[PDB]
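Residue numbers (the authors' numbering), protein chains in the order written: chain A, 3 to 66; chain B, 2 to 66.
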Amino acid sequence: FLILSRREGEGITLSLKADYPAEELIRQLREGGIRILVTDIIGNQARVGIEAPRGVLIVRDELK
Amino acid sequence: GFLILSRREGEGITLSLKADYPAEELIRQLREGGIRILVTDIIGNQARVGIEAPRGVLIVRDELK
RNA sequence: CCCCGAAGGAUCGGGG
RNA sequence: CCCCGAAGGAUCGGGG
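This is the structure we're talking about:
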């Protein structure tokens, strides 16, 4: 699980790591799947959790 | 053009890839689009969440099985 | 409730 | 600010 705070209007982008083997990934999902939990909301700040095979990159949008 | 659904503290979303979509085809769609996650709005107890993703992926609120 | 941070895979960290 | 919906790909619909 990875945890980041977003406000209204802020996003999160899920590329997939360039290196990892193509087929490799696909099974982990057909089995695993990606999990998006909204672990706690407070005032203006949503606090999200993301759980994803290690071949997916997760970046807050403001990281280019 | 993405998918909108409200969640509360502790509520989730699970992203499946449709069982019929080809293995090799999906990859193409992420390689060129990624999957995006906007928090469109926050109001009180409920978070409003936008998710943009290739028809290859099934977006379901965690409480539908 | 604010504020600030977070290249972080952790249900993140720090301040009023 | 609440309520309740939402198998829905649409920055979702309904009531105070």
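We treat Cβ as the ideally placed atom computed from N, Cα and C, and that holds for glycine.
Collapsed DSSP secondary structure at residue i in the structure displayed
i: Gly51(A); result: strand
i: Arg37(B); result: strand
i: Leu31(B); result: helix
Chain-ordered neighbours of residue i on chain B, where CB pairs are closer than 7 Å
i: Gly13(A); result: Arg37, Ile38, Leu39
N-terminal and C-terminal residue of the beta strand (DSSP E) that residue i is part of
i: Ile5(B); result: 4-9
i: residue 69(B); result: This structure leaves residue 69(B) out entirely; chain B is present only between 2 and 66.
i: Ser17(B); result: 13-18
Amino acids of chain B, ordered along the chain, whose beta-carbon sits closer than 9 Å to that of residue i
i: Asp42(A); result: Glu10, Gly11
Closer than 7 Å: residue i CB and nearest the ligand FMN heavy atom
i: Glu25(A); result: Absence of the ligand FMN is noted for the structure shown, with no ligands found whatsoever.
Cα-Cα separation, residue i to residue j
i: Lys66(A); j: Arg8(A); result: 16 Å
i: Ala54(B); j: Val40(B); result: 15 Å
i: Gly51(A); j: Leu16(A); result: 13 Å
Chain A residues whose Cβ lies nearer than 8 Å to that of residue i
i: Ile5(B); result: What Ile5(B) touches in chain A: nothing, since even the nearest Cβ is about 13 Å away.
i: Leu27(B); result: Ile28
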